[PDB]
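Two forms of a single protein chain come next, each set out by itself as structure tokens; they are called structure 1 and structure 2.
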Structure 1
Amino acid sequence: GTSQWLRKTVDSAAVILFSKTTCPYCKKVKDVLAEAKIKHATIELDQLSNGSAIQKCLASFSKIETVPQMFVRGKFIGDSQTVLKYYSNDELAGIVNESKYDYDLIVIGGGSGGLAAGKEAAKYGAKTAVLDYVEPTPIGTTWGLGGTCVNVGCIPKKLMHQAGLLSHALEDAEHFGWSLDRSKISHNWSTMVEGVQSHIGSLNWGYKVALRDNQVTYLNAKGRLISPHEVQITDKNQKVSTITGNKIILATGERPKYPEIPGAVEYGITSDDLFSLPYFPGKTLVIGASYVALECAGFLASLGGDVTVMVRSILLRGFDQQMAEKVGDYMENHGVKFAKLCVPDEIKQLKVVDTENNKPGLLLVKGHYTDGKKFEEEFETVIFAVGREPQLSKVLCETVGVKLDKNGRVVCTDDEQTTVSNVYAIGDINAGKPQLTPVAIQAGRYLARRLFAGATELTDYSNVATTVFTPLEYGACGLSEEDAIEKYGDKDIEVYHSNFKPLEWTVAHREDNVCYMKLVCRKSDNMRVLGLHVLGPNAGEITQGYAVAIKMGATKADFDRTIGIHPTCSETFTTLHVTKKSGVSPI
């Protein structure tokens, strides 16, 4: 399918040069395009095994089999003499800008995936527009360019986690000889939020600058795809217009869910509001048991808050439940309270938020446990963290023919194509994929290369590592133990595990058998590592490197033959020997 790849590549690339590495006439064209600041893809036919067949197949477009050959939006433009003559006639600029559509690419959504896709496409000469609009929360919260992670997700959340971890650092410093008295040190919410928000603002501004500098058109407008190639945009003045694009990337992400109960929208908040909140939440109820819920509860408690988590059923559904239980046990032993088997029925307002002060209001939460008994307690802040959902019917006229699943997410092939041939979807709205910022970035960058640089590489969505930034962090890569046993049977699963104590916790008088790690392995496949799990400090740094080895098919023997780095937490993965089957305690 060499000819098939060539046709697809020529038809979708915006500006593409077919070249050879050792070709003085190709260098002449490259240098001209560089001086003219015309961005383009380049295919060096000498570095392709099928380069000779591609060179001959080009004649079916251009009539010639020589290099260089320049194409614009599927049209052969010329050889070296022709391109250079156009340039000398000041005609090349017009030719490279000729298009049926306003843009080669319209990205709807300026978050993790969309920005990554748009920037990468422009690198290859695609005339690109990135649309971003932030629908305000119920209380009016909005923010700048960059998406969920940047503004109300990974970035602020990990920063506030770090604020929380520094609590323990202050306690520990005494034991290591520093003269501070932790009991006399307090935390100021407003100071922290100001610092977090100043960094977010530098990211908002940096994205706008980068797009300008990369010749990407940024529109702060809500986009609606009204036909395969037409995007209706509404700007902040409510002015409505239509732009057209050849390729469309949907990258609109999700927003928090609210339960359908009285008072939820009016009196509660979500993570969208928390990270810029202009008052300390105070006594807080977090409703939900997702990683978002536990991460937020964890740092609120470490910053001195009185924190309760209301749990409908289990913690961290979809994660290894042994690990989820250890995560919650640690939180409960460090000052987080849990209302178990419990759901809210209504939020009543007892005091309105005092805008002229850094004070929360006061709320009455009524709920009930699964056995029917009543929950009733006052809180100053109620945070809903019960999941996130796409928002697409506000972005997709059903007329267009982009298929959604029962959850409202876009149904895509393994190259991110929707059911409309020129429309693609990336990030959290792509059904069935891990909903993680680096996934969206990789999917968007790799898709842009396929569209505009003739690349073929797909995103690999398997064994994507995670880290939950709870007070004691939880990193994982691969299968949970229970999923492994379900798939292969208990007799084919061997689990090696161990507690451990960070050296840093020894002089600090922290707990000896709370950190924990395990390898879930498949006996019949040479003890293949199906899943790695670690509860401990710096769990994301620990886990990341092993995700490469698991991607490569690491076995238990691969871990064993590797030598540890001492003293680290991570080295314990290289000497695991206690199996769950053996019954020997992991302590």
Structure 2
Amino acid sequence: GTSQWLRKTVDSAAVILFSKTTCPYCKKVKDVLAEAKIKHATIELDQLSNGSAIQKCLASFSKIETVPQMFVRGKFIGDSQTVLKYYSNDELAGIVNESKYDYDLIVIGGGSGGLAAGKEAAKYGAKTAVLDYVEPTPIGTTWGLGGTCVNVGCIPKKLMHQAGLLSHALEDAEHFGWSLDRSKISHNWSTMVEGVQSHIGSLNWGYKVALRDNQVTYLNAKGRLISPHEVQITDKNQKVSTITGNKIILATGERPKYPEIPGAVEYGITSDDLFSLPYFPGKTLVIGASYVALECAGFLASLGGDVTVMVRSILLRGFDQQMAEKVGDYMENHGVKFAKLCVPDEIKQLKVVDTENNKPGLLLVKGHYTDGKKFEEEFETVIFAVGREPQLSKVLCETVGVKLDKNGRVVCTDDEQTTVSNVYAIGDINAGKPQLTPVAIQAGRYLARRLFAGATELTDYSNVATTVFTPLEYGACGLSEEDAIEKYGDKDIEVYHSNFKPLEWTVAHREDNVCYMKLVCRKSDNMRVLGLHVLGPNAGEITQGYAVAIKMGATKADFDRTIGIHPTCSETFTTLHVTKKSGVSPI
């Protein structure tokens, strides 16, 4: 029980000190290590319920039961007199750096998960390398350190969403008494992109500085795992070499897919290209119906674009479909066109992009609906958002022995371990996990603590809240209504719902009865809240706090007994009373 925890902690930690808060001899070692700038984990036995049991088991590794005890890479190094002997003899540095591998930890991938894992590991004295390489898109687009979210994901996406939201703010300002001539207002795409990219650049730079300041080795190199402990790296001069590592974290993420049709790769673009595009896309076709497709279509329309979304079947597959339809209805009522039950067959080039005068080209898109009928229309830009895929070398991962699933993602235990015992996987390539930035970050940080600081806490992947940053935002935590009904049966599900109107929308003359929220509850479990859903402004800020309560097992009664904050949109969750079964209107 505790002896198997101690065994795992001793074997895996790079540099660890077993201590007690009140222990002058422990402080002597702590001060020596701090003066030597030797980073390490510290476990204060007096603060653990099984502290006394741990102190006894330590003798199985050191032949002593006292504190302090210092370990390096699985080996007891000494008590205080011994550590200080190494110190005063200029021997300690060599002792604590001795290793069978080049690194304690090699992270392949410098994105959300990998940077979090590598920084956290270094905190405990793990000798750490982070590898990051950004393979250029088909048109040649590349970017700096930080991964998908920082460079071509959440960060630029939400900044362009804000630019789009500011359009409504300009409209609203007049109703609130501001005098501005909107005949004269227009949007400049390249000025926005320059501001977005300046911020991204500050993040690229910040991550580099952070790795330096934590003594992490950053290699701008492509990595390949060729055996359980061997990573082959290729640098930008195409020099190939091998580095070894005790633990390996795979954190390589995904990249956009293209449909297998003529012209897609040559003439279309993806979200990878959009966020640094030097020209305004112009009349744009977005192919796909994911949150990325709808988010990008949404802000392009708000920035003055002529935008069409081509939808194969449904919107936001995997999300609550009542909410998805309300998201789409708002977009269609606010300037976004939809080509329904339609797929593309080929992209034909009519004009080449004019890179010197910074203007888009022109394309002919041919496709068809499922009545067999044809689709044919011209667009300046075609954006594919038809899913993302991992890029793992299946033949290579096989020969190392890392098991992948149908889709090319890594099959992991609940502590992120692959089928190779020293190799772990985090983030978007971890099969079955929500593909979100804070998930990758929590997984990587928590994994690093287990590996190098004796922690036991696992990442909890259930009831992870999300927000779709469409023109009217959609936040959710927990089950869709249809998923709850499938699990438990319609007679065991109660749904409370209401429309609402933000107070800000009254003077602005925006819509009554578009914003909407519901709670999906389980009758036979004290009206447990299984899922929360809100369509409205600032939906991510609304949703976040409730995710804590849902993780704690909130019931409808817990929402009712809480008092609202007035005036807010969120307070409507504390006074819901109309049930769907009652048939009463939610207006």
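Definition used throughout: the rigid core is the maximal C-alpha set that superposes within 1.5 Å between two forms. Structure 1 provides the reference sequence; residues are numbered from 1 along it. Shifts are known only where both forms have a C-alpha.
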> Given a rigid core superposition of the two forms, which one of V353, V395, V311, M192 has its CA shift by 2 angstroms or more between structure 1 and structure 2?
Replying inline: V395
>> I need the CA movement of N50 between structure 1 and structure 2 once the rigid core is aligned, reported in Å.
In response: 1.0
> Once the two forms are fitted on their rigid core, how many angstrom does the CA of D181 move between structure 1 and structure 2?
Replying inline: 2.3
>> Where the Cα shift reaches 2 Å or more for at least three residues in a row, which ranges qualify between structure 1 and structure 2 on a rigid core fit?
In response: 181 to 184, 394 to 398
